[PDB]
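Enquirer: Have a look at this one.
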Amino acid sequence: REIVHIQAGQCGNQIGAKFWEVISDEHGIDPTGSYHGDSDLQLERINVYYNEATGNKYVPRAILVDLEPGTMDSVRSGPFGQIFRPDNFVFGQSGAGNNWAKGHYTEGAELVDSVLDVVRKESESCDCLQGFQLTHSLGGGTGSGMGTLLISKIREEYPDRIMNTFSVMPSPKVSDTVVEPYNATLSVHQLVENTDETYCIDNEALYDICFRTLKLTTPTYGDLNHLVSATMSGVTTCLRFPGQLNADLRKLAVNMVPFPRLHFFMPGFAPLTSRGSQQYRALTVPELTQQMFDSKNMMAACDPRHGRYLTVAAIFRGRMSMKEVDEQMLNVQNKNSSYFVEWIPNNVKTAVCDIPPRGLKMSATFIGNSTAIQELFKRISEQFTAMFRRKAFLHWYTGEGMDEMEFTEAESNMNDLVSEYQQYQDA
Amino acid sequence: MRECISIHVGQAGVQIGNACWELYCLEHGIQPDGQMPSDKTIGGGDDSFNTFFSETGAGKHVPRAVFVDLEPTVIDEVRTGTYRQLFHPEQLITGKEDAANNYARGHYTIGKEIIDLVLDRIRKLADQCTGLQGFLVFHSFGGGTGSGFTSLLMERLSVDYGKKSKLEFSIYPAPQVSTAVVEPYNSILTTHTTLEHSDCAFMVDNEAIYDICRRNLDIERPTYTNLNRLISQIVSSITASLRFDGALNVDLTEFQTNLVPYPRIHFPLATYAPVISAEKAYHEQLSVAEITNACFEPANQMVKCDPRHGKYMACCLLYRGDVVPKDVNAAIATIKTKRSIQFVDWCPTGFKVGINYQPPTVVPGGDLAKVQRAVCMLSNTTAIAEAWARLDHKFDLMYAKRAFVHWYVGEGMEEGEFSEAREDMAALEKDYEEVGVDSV
Ligand SMILES: Nc1nc2c(ncn2[C@@H]2O[C@H](COP(=O)(O)OP(=O)(O)OP(=O)(O)O)[C@@H](O)[C@H]2O)c(=O)[nH]1
Ligand SMILES: Nc1nc2c(ncn2[C@@H]2O[C@H](COP(=O)(O)OP(=O)(O)O)[C@@H](O)[C@H]2O)c(=O)[nH]1
Ligand SMILES: COc1ccc(N(C)c2nc(Cl)nc3ccsc23)cc1
Ligand SMILES: [Ca+2]
Ligand SMILES: [Mg+2]
Ligand SMILES: [Mg+2]
Numbered sequence: 002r003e004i005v006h007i008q009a010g011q012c013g014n015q016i017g018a019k020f021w022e023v024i025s026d027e028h029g030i031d032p033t034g035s036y037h038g039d040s041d042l043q044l045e046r047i048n049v050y051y052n053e054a055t056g057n058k059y060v061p062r063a064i065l066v067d068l069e070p071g072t073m074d075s076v077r078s079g080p081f082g083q084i085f086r087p088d089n090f091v092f093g094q095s096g097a098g099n100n101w102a103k104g105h106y107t108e109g110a111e112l113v114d115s116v117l118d119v120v121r122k123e124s125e126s127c128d129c130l131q132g133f134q135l136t137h138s139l140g141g142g143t144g145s146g147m148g149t150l151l152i153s154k155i156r157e158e159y160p161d162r163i164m165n166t167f168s169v170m171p172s173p174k175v176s177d178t179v180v181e182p183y184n185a186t187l188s189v190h191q192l193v194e195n196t197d198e199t200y201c202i203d204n205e206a207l208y209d210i211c212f213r214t215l216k217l218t219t220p221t222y223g224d225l226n227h228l229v230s231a232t233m234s235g236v237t238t239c240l241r242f243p244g245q246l247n248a249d250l251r252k253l254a255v256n257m258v259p260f261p262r263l264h265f266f267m268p269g270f271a272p273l274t275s276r277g278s279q280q281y282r283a284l285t286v287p288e289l290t291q292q293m294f295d296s297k298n299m300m301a302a303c304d305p306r307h308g309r310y311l312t313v314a315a316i317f318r319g320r321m322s323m324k325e326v327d328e329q330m331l332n333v334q335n336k337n338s339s340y341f342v343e344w345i346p347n348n349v350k351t352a353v354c355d356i357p358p359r360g361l362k363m364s365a366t367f368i369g370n371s372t373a374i375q376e377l378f379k380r381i382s383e384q385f386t387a388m389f390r391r392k393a394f395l396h397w398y399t400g401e402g403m404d405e406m407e408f409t410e411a412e413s414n415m416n417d418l419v420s421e422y423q424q425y426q427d428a
Numbered sequence: 001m002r003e004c005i006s007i008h009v010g011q012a013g014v015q016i017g018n019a020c021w022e023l024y025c026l027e028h029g030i031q032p033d034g035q036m037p038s039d040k041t042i043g044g045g046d047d048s049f050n051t052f053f054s055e056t057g058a059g060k061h062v063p064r065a066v067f068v069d070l071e072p073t074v075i076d077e078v079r080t081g082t083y084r085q086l087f088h089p090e091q092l093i094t095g096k097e098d099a100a101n102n103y104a105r106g107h108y109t110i111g112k113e114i115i116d117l118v119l120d121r122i123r124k125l126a127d128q129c130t131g132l133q134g135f136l137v138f139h140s141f142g143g144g145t146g147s148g149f150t151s152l153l154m155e156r157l158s159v160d161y162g163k164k165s166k167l168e169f170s171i172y173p174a175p176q177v178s179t180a181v182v183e184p185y186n187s188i189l190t191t192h193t194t195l196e197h198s199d200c201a202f203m204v205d206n207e208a209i210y211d212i213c214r215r216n217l218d219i220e221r222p223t224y225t226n227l228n229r230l231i232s233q234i235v236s237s238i239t240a241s242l243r244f245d246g247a248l249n250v251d252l253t254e255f256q257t258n259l260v261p262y263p264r265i266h267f268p269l270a271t272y273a274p275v276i277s278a279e280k281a282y283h284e285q286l287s288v289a290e291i292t293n294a295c296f297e298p299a300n301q302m303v304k305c306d307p308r309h310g311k312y313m314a315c316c317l318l319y320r321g322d323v324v325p326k327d328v329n330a331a332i333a334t335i336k337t338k339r340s341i342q343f344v345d346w347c348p349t350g351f352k353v354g355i356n357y358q359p360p361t362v363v364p365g366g367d368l369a370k371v372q373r374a375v376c377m378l379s380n381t382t383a384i385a386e387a388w389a390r391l392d393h394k395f396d397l398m399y400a401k402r403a404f405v406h407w408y409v410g411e412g413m414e415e416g417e418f419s420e421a422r423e424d425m426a427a428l429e430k431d432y433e434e435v436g437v438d439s440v
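Read top to bottom, the protein sequences are chains S and C. Throughout the first sequence, residue numbering follows the UniProt record's numbering, covering 2 to 428 in sequence. Throughout the second sequence, residue numbering follows the UniProt record's numbering, covering 1 to 440 in sequence.
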């Protein structure tokens with residue numbers, strides 16, 4: 002059951018590269034693609050994410066995409082950059098200028114067939130393709146505009162495969178341009194229709210965590226991406242390793258999404274750690290459980306107590322008592338039962354994996370489908386309309402052939418998404 | 001790639017081009033003969049400085065530039081000056097009769113005789129670009145060539161290079177150093193004709209630059225050379241992101257996204273600091289907080305106007321030298337509490353920041369002290385429309401009596417071109433009023 006990974010644009014390729022660094026280390030693959038590994042749990046499901054090449058090398062099933070060559074050069078210059086298959090670098094030259102319209106309609110359209118050709122080659126070698134995972138931001142032009150263009154075309158050619166994304170939401174606290182709310186809103190409209198699951202990675206939350214919890218005065222994208230790579234490693238655990246669950250992307254979708262459009266997840270992680278500085282006391286299973294459910298550990302800047310959990314998936318990594326894990330997980334639900342919808346019985350499922358992530362003896366990763374995610378979309382909707390009511394900065398988009406009407410439809414669809422999440426928060 | 005071609009038009013544009021390219025050579029280690037010892041890429045390369053310089057097989061680094069004037073006097077000094085070997089002779093274009101301070105002669109009578117040759121030379125530069133990004137056009141508002149030939153060229157460039165980016169550095173007239181009484185006419189005519197063909201235009205008010213040289217450099221009566229050394233420092237700050245690499249470098253085109261909310265509102269206010277004499281910089285280092293603060297002191301603006309009585313639609317900070325984001329963020333936070341920075345209600349209030357580590361260079365024998373860190377702020381403020389108001393008023397005093405209009409009519413222009421141009425300016429001044437009004 003092979004997954005095809007695609008990373009698009011500046012943010013997509015930077016968090017994409019970190020993800021492949023991190024899970025390669027967990028599976029015992031070095032920058033050359035060779036396995037110098039301790040345990041054999043590391044290789045049992047290694048084919049979900051890695052093609053095997055002659056000479057027992059492991060090559061990521063990864064495609065790197067950008068309309069601008071710069072950050073893909075840095076990836077190839079990067080530590081594990083030599084592990085990626087060079088044919089799977091697909092890039093243009095003109096960039097996207099932080100413009101969804103250029104990524105989606107004019108620049109990205111010129112390049113998208115070359116990417117689909119690379120997607121096809123990787124898929125035809127798959128015994129049974131699960132589907133795809135895309136890393137991208139929603140605030141730029143390439144990951145957002147061309148990424149959602151790729152999703153739409155991938156769906157046309159593979160309509161029975163699962164589409165999963167890790168989507169980084171823009172925040173004024175960590176912001177490149179004023180038009181991010183425009184790019185994000187146009188993208189969400191695409192994500193609502195064309196993904197089965199998207200992890201909402203909120204740059205607001207990543208910033209708040211670094212500043213407040215990790216006491217990092219001036220957080221860089223490097224500090225943000227340490228959080229992102231830890232979250233990506235955790236939420237993938239049950240796809241990559243053998244366990245009592247043996248999950249795949251479709252089963253995750255079936256068990257997490259009660260209504261098709263409500264497929265946007267708040268990820269959570271514990272313990273929260275900053276890069277480089279290690280702390281030497283492991284948590285207790287009781288500590289892991291409380292931190293993973295704490296709003297201060299959510300990667301989407303929403304208060305869970307402002308909504309209800311439709312479904313939750315939790316994964317505990319490290320050598321620990323599964324009895325204690327079970328008791329602590331039962332404890333949080335029984336003590337906080339009002340925050341779990343009563344009409345989905347037993348909507349919390351826990352998995353355990355023996356292999357911990359690098360640098361931690363124990364970790365807990367949280368995947369929540371909460372109606373509180375609507376706060377994220379409301380925040381973006383306010384920033385959109387603040388400019389849109391004066392049609393501010395629109396010429397960047399009408400200059401690529403876009404119409405105001407398209408902005409009105411995307412805003413209206415995202416408002417409907419907020420309404421639907423509100424509908425189930427009271428039931 | 002991503003090459004930029006510079007076009008220097010008329011006296012002011014040519015002479016400012018001299019200052020700028022001299023400063024660029026010093027910043028990149030390019031000698032007057034065009035040799036650059038640290039460039040190991042002989043005859044080519046995709047380095048950052050290659051956006052502004054091409055390379056010959058003989059190792060010569062050549063400005064991607066064209067100098068055009070309708071008379072030979074000013075460009076002849078480039079042909080015989082310190083940097084003559086830098087330019088290929090075909091890059092330096094001269095006619096024989098200037099525009100005689102008359103937009104109609106720059107645009108029609110004299111200008112039309114040389115425009116095709118100028119576009120042939122520009123085309124030869126574009127054909128050497130693998131990724132041409134656009135043009136930087138330097139000229140005065142007030143000269144006959146800077147106004148009339150520039151607008152003719154901008155029109156022809158839109159035809160020949162679609163909507164390829166076109167940026168302007170425009171010298172706004174001041175009585176202290178102006179040369180003609182009809183400069184208000186030429187300014188309004190060229191602003192009107194060029195408005196649709198320009199994406200972004202940096203106005204430099206000669207009175208603001210003249211005051212800064214007098215106040216901060218203790219120059220009793222500044223010359224063009226004094227003004228241009230300061231102006232080239234500002235131009236260098238704006239183009240530094242295109243010409244240097246950097247982890248914290250932010251591309252000028254990314255600032256443009258923020259600076260231009262509507263096509264016609266494309267005139268950023270530039271403020272530069274520190275401008276300080278050697279005598280005063282001695283044993284006196286200016287911190288990130290001090291130079292940032294100075295960007296909100298109106299006396300340091302490139303255009304006289306009062307942003308304290310206007311509204312902001314964008315605010316960008318371009319740092320160069322020994323600056324780290326932590327100092328910048330600290331300086332901004334205190335400034336927000338202590339200063340009159342009111343944004344329009346439809347745009348976000350954050351400040352966009354770029355840092356290039358290469359510290360500022362000074363021309364030997366100049367007046368500026370060499371400093372460790374400098375900053376250019378680029379703000380979209382409704383206040384910049386005051387400069388339009390002053391010019392439109394001067395235009396109105398003369399035009400009501402039709403004073404001097406016969407010199408333009410005698411070259412084939414019609415009165416309707418004047419009123420059409422003045423109406424566009426009135427609508428521009430009104431555009432700036434409307435963007436500042438609260439939403440409903
Ligand atoms: N900052 C600066 N401004 C200049 C310089 N030279 C001329 N100007 C300004 O330009 C205005 C007149 O335009 P010019 O460029 O001199 O005239 P021109 O472009 O040669 O066009 P012609 O009238 O045909 O000669 C004056 O108001 C000056 O203030 C200069 O070297 N530096
Ligand atoms: N967390 C994180 N966010 C990023 C990173 N790089 C860019 N972003 C976000 O992505 C947005 C910019 O879009 P970007 O991906 O750079 O444009 P693109 O090159 O067209 O894909 C900004 O709002 C940033 O907040 C990164 O390394 N980490
Ligand atoms: C709400 O009930 C459920 C929620 C999710 C699942 N499935 C399929 C998972 N898939 C992956 Cl990949 N990881 C995890 C980790 C914990 S559950 C889980 C099963 C039941
Ligand atoms: Ca070179
Ligand atoms: Mg970016
Ligand atoms: Mg002249």
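Each residue gets a CB set at the ideal place from its N, CA and C atoms; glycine is no exception.
Let's see if you can read the secondary structure: which residues bound the alpha helix (DSSP H) around S/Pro182?
Expert: Per DSSP, S/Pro182 belongs to the alpha helix (DSSP H) from 181 to 195.
Enquirer: Rounded to a whole number of angstroms, what is the C-alpha to C-alpha distance between S/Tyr422 and S/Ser339?
Expert: The straight-line gap from Cα to Cα measures roughly 17 Å.
Enquirer: For ligand 5, which residues count as neighbours when the test is a C-beta closer than 6 Å to any heavy atom?
Expert: Cβ-based neighbours of ligand 5 within the cut-off: S/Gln11, S/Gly141, S/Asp177.
Enquirer: Quick one, which residues of the stretch 97 to 109 of chain S are near chain B if we go by CB-CB under 7 Å, in chain order?
Expert: Within the model displayed, chain B is absent; protein chains S and C are what it includes.
Enquirer: Quick one: is the Cβ of C/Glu55 within less than 7 Å of any heavy atom of ligand 4?
Expert: Indeed, a heavy atom of ligand 4 lies less than 7 Å from the Cβ.
Enquirer: Buried or exposed, going by whether 16 or more other CB atoms sit within 10 Å of the CB of S/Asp417?
Expert: Its Cβ having fewer than 16 others within 10 Å, S/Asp417 is exposed.
Enquirer: Might you give, ordered along the chain, the residues of its own chain that have their beta carbon closer than 6 Å to the beta carbon of S/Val66, omitting 5 neighbours on each side?
Expert: Excluding sequence neighbours, S/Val66 sits near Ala9, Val91, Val116.
Enquirer: Report the residue ranges of all alpha helix (DSSP H) runs contained in full by the stretch 7 to 76 of chain C; include only those spanning at least 4 residues, in chain order.
Expert: The qualifying runs are 10 to 28.
Enquirer: Determine the direct distance from the alpha carbon of S/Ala393 to that of S/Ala373, and round the result to whole angstroms.
Expert: One C-alpha to the other measures close to 29 Å.
Enquirer: Would you mind telling me which residues of chain S sit closer than 7 Å to C/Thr253, beta carbon to beta carbon, in chain order?
Expert: Neighbours of C/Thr253 on chain S, chain order: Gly98.
Enquirer: Strictly under 8 Å for the Cβ-Cβ distance: is S/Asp177 near chain C by that measure?
Expert: Interface residue, yes.
Enquirer: Quick one: what does DSSP say S/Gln134 is sitting in, helix, strand or coil?
Expert: It is a strand residue.
Enquirer: For S/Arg46, which residues from the same chain have a beta carbon less than 7 Å from its beta carbon, with the 5 sequence-adjacent residues on both sides left out?
Expert: Contacts found: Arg241, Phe242, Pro243.
Enquirer: Do we get a CB-CB distance below 8 Å when we pair S/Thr186 with the residues of chain C?
Expert: False, the Cβ-Cβ gap to chain C never drops below 8 Å.
Enquirer: Using a 10 Å radius around the Cβ and a threshold of 16 neighbouring Cβ atoms, would you call C/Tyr282 buried or exposed?
Expert: It counts as exposed.
Enquirer: Residues of the stretch 265 to 276 of chain C with a CB closer than 7 Å to any CB of chain S: list them in chain order, please.
Expert: Here the close residues number zero.
Enquirer: Can S/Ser234 be considered in contact with ligand 2, in the sense that its beta carbon sits closer than 7 Å to one or more heavy atoms?
Expert: The answer is no for S/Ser234.
Enquirer: Apply the 10 Å Cβ neighbour rule to C/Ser439 and answer buried if 16 or more other Cβ atoms are within range, or exposed otherwise.
Expert: It counts as exposed.
Enquirer: How should C/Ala58 be labelled, buried or exposed, when 16 other C-beta atoms within 10 angstroms of its C-beta is the threshold for buried?
Expert: C/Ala58 comes out exposed.
Enquirer: Cβ of S/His307 within 8 Å of Cβ of S/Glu383?
Expert: In this structure, S/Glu383 does not lie closer than 8 Å to S/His307 by Cβ.
Enquirer: Is there a C-beta anywhere in chain C that falls below 8 Å from the one on S/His396?
Expert: Yes, because at least one Cβ of chain C sits closer than 8 Å to the Cβ of S/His396.
Enquirer: Given this structure, state the Cα-to-Cα distance separating S/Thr107 from S/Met299, to the nearest angstrom.
Expert: Taking the straight line from one Cα to the other gives about 36 Å.
Enquirer: Would you report the Cα separation of S/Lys154 and C/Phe53, rounded to the nearest angstrom?
Expert: S/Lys154 and C/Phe53: Cα-Cα distance of roughly 41 Å.
Enquirer: Could you check which residue in S/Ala302, S/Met257, S/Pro171, S/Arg282 has the C-alpha nearest to that of S/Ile368?
Expert: Checked all of S/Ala302, S/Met257, S/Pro171, S/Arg282; the closest Cα to S/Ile368 is S/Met257.
Enquirer: Say yes only if the C-beta of S/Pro171 is nearer than 7 Å to one or more non-hydrogen atoms of ligand 2, and no if none qualify.
Expert: Checking the Cβ of S/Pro171 against ligand 2 gives yes.
Enquirer: Which parts of the stretch 293 to 327 of chain C are runs of the beta strand (DSSP E), unbroken and 3 residues or longer, counting only runs that do not cross its ends?
Expert: Complete beta strand (DSSP E) runs here, min 3: 312 to 321.
Enquirer: Please report the distance separating the alpha-carbon of S/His6 from that of S/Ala18.
Expert: S/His6 and S/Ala18: Cα-Cα distance of roughly 11 Å.
Enquirer: So with CB distances below 7 Å, who are the chain C contacts of S/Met388?
Expert: Correct list: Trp346, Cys347.
Enquirer: Is S/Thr143 close to chain C, meaning its C-beta is less than 8 Å from at least one C-beta of that chain?
Expert: No - not a single Cβ of chain C is within 8 Å of the one on S/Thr143.
Enquirer: C/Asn226: beta carbon under 7 Å from a heavy atom of ligand 1?
Expert: Answer for C/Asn226: no, Cβ out of range of ligand 1.
Enquirer: Do the stretch 292 to 301 of chain C and the stretch 407 to 417 of chain C meet, that is, are 3 or more Cβ pairs less than 8 Å apart?
Expert: Counting Cβ pairs under 8 Å, fewer than three are found: no touch.
Enquirer: For the stretch 307 to 336 of chain C, which residues have a beta carbon sitting closer than 7 Å to at least one beta carbon of chain S?
Expert: So the list reads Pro325, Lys326, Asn329, given in the order they occur along the chain.
Enquirer: List the residues of chain S that C/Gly350 touches, going by C-beta distances under 9 Å, in chain order.
Expert: Simply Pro173, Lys174, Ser176, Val179.
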